[PDB]
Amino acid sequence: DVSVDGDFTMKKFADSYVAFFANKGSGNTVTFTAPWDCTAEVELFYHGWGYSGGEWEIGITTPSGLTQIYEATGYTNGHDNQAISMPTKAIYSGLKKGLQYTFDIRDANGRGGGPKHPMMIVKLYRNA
């Protein structure tokens, strides 16, 4: 069975080359259905500090079947208990029509101290 959101998505972008998906509540993760075979451009806007100040490096997860072509990791250092902008971005190939994908934040290096105003935005570029 397909969800209401999944059902809407296929029809919504049926005649489109670009598609946008984001999760209005929390914004740390994005789950969506690819309306067509595409390349995903995932942007994770994030603010935070490392555990007791210090280093923290973040990235985006690679769902099964996808290839993380490129990844621009987000980094922050010091400023304990104060969240600072540390956006991460990654590009994925191999997304398939009708398939559901889930992208999350991943810890690349160091430990998390606390997040603020995270927002993951997915841009899909239709193949052909």
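Numbering starts at 1 and runs along the sequence shown.
**Q** Regarding 87-95 and 22-30, which shows the higher C-alpha temperature factor on average in the entry?
**A** Going by the record's values, the stretch with the higher mean is 22-30.
**Q** Hey, which bit's got the bigger mean C-alpha B factor in the entry, 51-59 or 67-75?
**A** According to the PDB entry, the answer is 51-59.
**Q** Using the B-factor values recorded in the entry, state whether the Cα atom of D80 falls in the lowest, middle or highest third among the modelled residues of its chain.
**A** Top third by C-alpha B-factor.
**Q** Sort the modelled residues of this chain by their C-alpha B factor and say whether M120 lands in the lowest, middle or highest third.
**A** Tercile = lowest for this residue's CA B-factor.
**Q** Ranking the modelled residues of this chain by C-alpha B-factor as given in the entry, is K12 in the lowest, middle or highest third?
**A** Its C-alpha B-factor, which the entry lists for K12, ranks in the lowest third among residues of this chain.
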